[PDB]
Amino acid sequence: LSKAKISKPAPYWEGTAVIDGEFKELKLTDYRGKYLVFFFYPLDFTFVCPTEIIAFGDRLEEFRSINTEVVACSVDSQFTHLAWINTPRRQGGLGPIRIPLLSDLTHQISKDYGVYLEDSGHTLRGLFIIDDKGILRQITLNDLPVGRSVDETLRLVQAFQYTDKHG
């Protein structure tokens, strides 16, 4: 059963992420004081260019300049994430990336967030906006075929921040 509810604390997670090419333990609470865009994608190493992850990474400062961080997550192992990062974009790899890739190998994070697909063994395309107090503000769930927009994500983050300030 999903733990993710709007206006309640975002469900706690921890696990191993690849950050600047290294394995680091990462925890939701590491982001307190900041907004967090926390998003899931199905699988590393598929035959489709990972356009949506590349967009977030390549535009990361439009988030960081407004006190917002981004973390991407799939059910792949941290070893697979690293191998994918070390595969050049021109071979369909991710290439070097400035966003943590969190591993959800046990599937517990995906199940807690309601994005796990039992019959397939990976997630759908789920995106969560979590405020600086750790409260879940937004849930976006897409069927597999359709990606997320950085511009829409920024719009939502900027609006939650505006409304936090001018209540």
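In this text, rigid core is short for the largest set of C-alphas that superpose within 1.5 Å between two forms. The first residue of the shown sequence is 1; numbering continues from there.
**Q** Do the Cα atoms of 133 to 141 stray more than those of 43 to 51 in 5 other deposited structures of this protein, or is it the other way round, with the core held fixed?
**A** Looking at 133 to 141 versus 43 to 51 in 5 other deposited structures of this protein, the farther one turns out to be 43 to 51.
**Q** Which has higher Cα B-factors on average according to the PDB entry: 83 to 91 or 69 to 77?
**A** It is 83 to 91 that shows the higher mean C-alpha B-factor.
**Q** Per the entry's values, where does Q138 land by CA temperature factor relative to the rest of its chain, in the lowest, middle or highest third?
**A** As the PDB entry reports it, the C-alpha B-factor of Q138 lands in the middle third of its chain.
**Q** What third of its chain, lowest, middle or highest, does the C-alpha temperature factor of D30 fall into?
**A** It falls in the top third of the chain.
**Q** By the record's CA B-factor, is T51 among the lowest, middle or highest third of residues in the chain?
**A** CA B-factor rank for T51: highest third.
**Q** Tell me, lowest, middle or highest third: where does the Cα B factor of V150 rank within its chain?
**A** As the PDB entry reports it, the C-alpha B-factor of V150 lands in the lowest third of its chain.
**Q** Looking at the entry's B-factor column for C-alpha atoms only, identify whether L156 ranks in the lowest, middle or highest third of its chain.
**A** As the PDB entry reports it, the C-alpha B-factor of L156 lands in the middle third of its chain.
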